[PDB]
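A single chain comes next, written as structure tokens; it is the form deposited in one PDB entry.
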């Protein structure tokens, strides 16, 4: 009697979108235990290994326990997806916590990096490689200041092929080890990624950077970086030494995770008491806030355009479904039929229970209610506006957050940075601007930026 995910869990709400698919907050129908479930769509994500190999990894992952590694509880598979059920953590991404601080020192960075290396060391002893380690994969257990770090997605890269969509690979290029690019890699790739993360914590700038994905990769593959930024003068020699050892090009010469834990710098700056010399890295924290805001705005822009393309698709599809269901030809439908077509559209709505409630939120939202005969046309408008909300609202939020001086505007230099990170061709976005505002003087407000994005997705 093979078990069934939706027999055991109900979806509560969406937690986010991660590598390989959506993460949904779920609840055990008997025990009330809340859990974070990564749902991998077999249609969007191709497998690299065979079933046998994936089930063996899962079985191993369930038996490992470390304070800095996300705990996996359960694994299910049906016809259309894979479901990975883990512990839910509520502290958010590390860097989003870091940028809320007004003080940040080498002690804070060593506390951070020690946890990461401790989790990586443990996983490498069990022959699991992350490969895709980056800031987004570092979650905080809770919103508390003293919260432990939990690494997510350890081992998935081995069995599933990563999205080639830019909206999914923003800020992947900065962290990947050069041997991963060339195809022969081992567990040392996780030390390199960690090394990049440490460089960023102490300087707030990526060691390997450029205007677009491909320029960043060209820098990584060459392997050259420097410590000539002014804010490195404030950093201990010990920290730089550890960095050089983590960023060693040839993997066989690069320090192991385990050895990195024992390095003088980690031993010195994680002793809770001794502040022998501990200034605050003010420039770094502000660089990280700029870095983070840029990454988040580019991401939000791509998802805005993606949501706008989805809403074109689904509006037309839903209308054609309702049209054919309308046997009267009067343009009206009852509740069950609305539910039926919306389910037919299907392919957060993990069971029939999820669908009926979304429909009910819209029928309530249909302003005032006459029961029996519903104008299919207007239900479509409202169902779809609902779907785009999260993404337009999020777009404005990200715009406001990027605009740190509250100027209401972003410069064309800033647009170049954002569009380079979003991988929108240079000639393409300026042609678009020229058409939105024929009189602009090198800056756009929120509405203009939004109008630009619409034009860049064929509207």
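Numbering follows the first chain given and starts at 1.
Colleague: Zero if continuous, otherwise a range: how many residues of the deposited sequence are missing coordinates between residue 347 and residue 348 (none, 1 to 3, 4 to 9, 10 or more)?
Modeller: Missing in between: 4 to 9 residues.
Colleague: Mean CA B-factor: is it higher for 55-63 or for 425-433?
Modeller: Per the PDB entry, the higher value belongs to 425-433.
Colleague: With respect to the recorded C-alpha B factors, which stretch has the higher mean value, 282-290 or 170-178?
Modeller: Per the deposited B-factors, the answer is 282-290.
Colleague: Check the PDB entry and point out which of 385, 264, 77, 190 has the largest C-alpha temperature factor.
Modeller: The listed residue with the largest C-alpha B-factor is 385.
Colleague: Tell me, please, which of 122, 83, 249, 342 has the highest C-alpha B factor according to the deposited entry?
Modeller: That would be 342, according to the entry.
Colleague: What third of the chain, by the recorded C-alpha B-factor, contains residue 365?
Modeller: Highest third, going by the recorded CA B-factors of the chain.
Colleague: Which third, lowest, middle or highest, does the CA B-factor of residue 392 fall in along this chain?
Modeller: Within its chain, residue 392 is a highest-third residue by C-alpha B-factor, going by the deposited values.
Colleague: What third of the chain does residue 409 rank in for C-alpha temperature factor, lowest, middle or highest?
Modeller: Lowest third, going by the recorded CA B-factors of the chain.
Colleague: Lowest, middle or highest third of the chain for the C-alpha temperature factor of residue 304?
Modeller: Lowest third of the chain for residue 304's C-alpha B-factor.
Colleague: Please place residue 374 in the lowest, middle or highest third of its chain by C-alpha B factor as given in the entry.
Modeller: For residue 374, whose C-alpha B-factor we compare with every modelled residue in the chain, the answer is the highest third.
This next part talks about the form deposited in another entry, which is not shown.
Colleague: Test your reading of the structure: between this form and the one not shown the chain behaves as two rigid units, so are residue 191 and residue 111 in one unit?
Modeller: They share a rigid part, so that residue 191 and residue 111 shift as a single body between this form and the one not shown.
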